[PDB]
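The authors' numbering runs 1855 ahead of the 1-based position in the sequence shown.
One structure is given here, and the rest of the page talks about it.
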Amino acid sequence: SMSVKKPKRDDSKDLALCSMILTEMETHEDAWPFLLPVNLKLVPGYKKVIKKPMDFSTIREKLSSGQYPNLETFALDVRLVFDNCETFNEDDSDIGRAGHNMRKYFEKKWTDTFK
(Lines of atoms letter the chains of each structure in order from A and count residues from 1; the text may use other names and numbers.)
(Lines give C-alpha, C1' and ligand atoms only; values in the text may rest on other atoms or scores of the structure.)
Protein backbone atom coordinates (compact mmCIF):
# COMPACT_ATOMS: atom_id res chain seq x y z
CA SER A 1 0.00 0.00 0.00
CA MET A 2 1.13 3.68 0.17
CA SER A 3 4.71 3.91 1.50
CA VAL A 4 4.63 0.09 2.16
CA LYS A 5 6.51 -1.92 -0.46
CA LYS A 6 7.69 -5.50 -0.76
CA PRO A 7 11.47 -5.76 -1.41
CA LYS A 8 12.45 -4.69 -5.03
CA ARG A 9 12.87 -7.72 -7.38
CA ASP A 10 15.65 -7.10 -9.93
CA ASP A 11 13.85 -6.85 -13.28
CA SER A 12 16.70 -5.29 -15.31
CA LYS A 13 17.50 -8.54 -17.20
CA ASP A 14 13.85 -9.46 -17.98
CA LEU A 15 13.94 -7.97 -21.50
CA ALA A 16 17.03 -9.90 -22.42
CA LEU A 17 15.85 -13.10 -20.90
CA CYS A 18 12.34 -12.90 -22.63
CA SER A 19 14.29 -12.31 -25.92
CA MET A 20 16.30 -15.44 -25.34
CA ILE A 21 13.31 -17.54 -24.59
CA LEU A 22 11.58 -16.17 -27.72
CA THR A 23 14.72 -17.00 -29.81
CA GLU A 24 14.57 -20.53 -28.50
CA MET A 25 10.88 -20.75 -29.46
CA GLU A 26 11.54 -19.26 -32.89
CA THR A 27 14.24 -21.84 -33.64
CA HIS A 28 12.36 -24.98 -32.39
CA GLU A 29 11.43 -27.34 -35.19
CA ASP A 30 7.75 -27.34 -34.26
CA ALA A 31 7.54 -23.46 -34.39
CA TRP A 32 6.45 -23.34 -38.05
CA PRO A 33 2.70 -23.01 -37.46
CA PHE A 34 3.44 -19.99 -35.21
CA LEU A 35 6.21 -17.97 -36.87
CA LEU A 36 3.95 -15.64 -38.83
CA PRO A 37 0.43 -14.26 -38.60
CA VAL A 38 -2.26 -16.61 -39.91
CA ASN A 39 -3.31 -15.29 -43.33
CA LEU A 40 -6.86 -14.14 -42.64
CA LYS A 41 -7.72 -13.90 -46.34
CA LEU A 42 -6.69 -17.53 -46.97
CA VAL A 43 -7.83 -19.39 -43.86
CA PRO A 44 -11.61 -19.61 -43.67
CA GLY A 45 -13.06 -19.19 -40.21
CA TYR A 46 -9.90 -17.74 -38.62
CA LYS A 47 -10.85 -14.12 -38.59
CA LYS A 48 -14.30 -14.64 -37.07
CA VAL A 49 -13.39 -17.34 -34.65
CA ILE A 50 -10.01 -16.12 -33.22
CA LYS A 51 -10.71 -12.81 -31.58
CA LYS A 52 -7.06 -12.05 -30.77
CA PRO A 53 -4.57 -13.49 -33.30
CA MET A 54 -1.00 -13.79 -32.04
CA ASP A 55 2.24 -15.23 -33.46
CA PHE A 56 5.98 -15.18 -32.67
CA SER A 57 6.90 -12.44 -35.20
CA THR A 58 4.28 -10.13 -33.72
CA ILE A 59 5.52 -10.93 -30.18
CA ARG A 60 9.05 -10.23 -31.42
CA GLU A 61 8.12 -6.81 -32.85
CA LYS A 62 6.18 -5.89 -29.63
CA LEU A 63 9.18 -6.93 -27.51
CA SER A 64 11.70 -5.00 -29.57
CA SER A 65 9.60 -1.82 -29.53
CA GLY A 66 8.81 -1.69 -25.74
CA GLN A 67 5.22 -2.73 -26.00
CA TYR A 68 5.44 -5.25 -23.10
CA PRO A 69 5.17 -3.43 -19.79
CA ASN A 70 6.32 -6.44 -17.80
CA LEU A 71 7.13 -10.17 -18.14
CA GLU A 72 3.48 -11.19 -17.39
CA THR A 73 2.13 -9.38 -20.43
CA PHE A 74 4.84 -11.17 -22.51
CA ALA A 75 3.77 -14.61 -21.13
CA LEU A 76 0.11 -13.74 -21.84
CA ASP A 77 0.84 -13.25 -25.60
CA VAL A 78 2.92 -16.44 -25.78
CA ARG A 79 0.13 -18.43 -24.13
CA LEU A 80 -2.44 -16.79 -26.45
CA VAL A 81 -0.55 -18.27 -29.41
CA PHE A 82 -1.17 -21.79 -27.95
CA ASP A 83 -4.67 -21.13 -26.79
CA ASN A 84 -5.59 -19.92 -30.26
CA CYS A 85 -3.97 -23.04 -31.69
CA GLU A 86 -6.13 -25.27 -29.40
CA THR A 87 -9.30 -23.39 -30.36
CA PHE A 88 -8.77 -23.90 -34.11
CA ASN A 89 -6.96 -27.24 -34.39
CA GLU A 90 -7.75 -30.80 -33.40
CA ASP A 91 -5.31 -32.22 -30.78
CA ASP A 92 -4.68 -35.10 -33.25
CA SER A 93 -3.26 -33.02 -36.15
CA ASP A 94 0.26 -31.91 -36.82
CA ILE A 95 -0.51 -28.30 -35.86
CA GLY A 96 -2.49 -29.37 -32.76
CA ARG A 97 0.51 -31.47 -31.60
CA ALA A 98 2.96 -28.67 -32.46
CA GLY A 99 1.01 -26.39 -30.16
CA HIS A 100 1.05 -28.76 -27.22
CA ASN A 101 4.76 -29.34 -27.64
CA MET A 102 5.64 -25.60 -27.91
CA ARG A 103 3.52 -24.74 -24.87
CA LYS A 104 5.31 -27.40 -22.82
CA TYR A 105 8.63 -26.17 -24.06
CA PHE A 106 7.78 -22.54 -23.24
CA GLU A 107 6.43 -23.29 -19.75
CA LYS A 108 9.59 -25.15 -18.71
CA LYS A 109 11.91 -22.37 -19.90
CA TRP A 110 9.62 -19.85 -18.15
CA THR A 111 9.76 -21.72 -14.83
CA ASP A 112 13.50 -22.35 -15.08
CA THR A 113 14.28 -18.75 -15.94
CA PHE A 114 12.02 -16.88 -13.51
CA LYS A 115 10.39 -19.22 -10.78
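The beta carbon of each residue, even a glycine, is placed where N, CA and C say it ideally should be.
Residue closest to residue i, alpha-carbon to alpha-carbon, out of the options
i: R1934; options: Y1960, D1865 and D1967; result: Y1960
i: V1898; options: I1876, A1953 and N1944; result: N1944
i: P1908; options: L1877, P1892, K1896 and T1942; result: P1892
i: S1912; options: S1920, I1905 and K1906; result: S1920
Supposed contact pair residue j and residue i - C-beta distance, whole angstroms, cut 8 Å
i: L1926; j: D1910; result: Not really, about 19 Å apart at Cβ, beyond 8 Å.
i: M1957; j: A1886; result: 7 Å
i: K1964; j: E1879; result: 6 Å
C-alpha gap between residue i and residue j, whole angstroms
i: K1860; j: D1866; result: 16 Å
Burial state of residue i, where buried means 16 or more other Cβ atoms lie within 10 Å
i: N1939; result: buried
i: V1936; result: buried
i: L1877; result: buried
Helix, strand or coil at residue i according to DSSP, with G and I counted as helix
i: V1933; result: helix
i: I1876; result: helix
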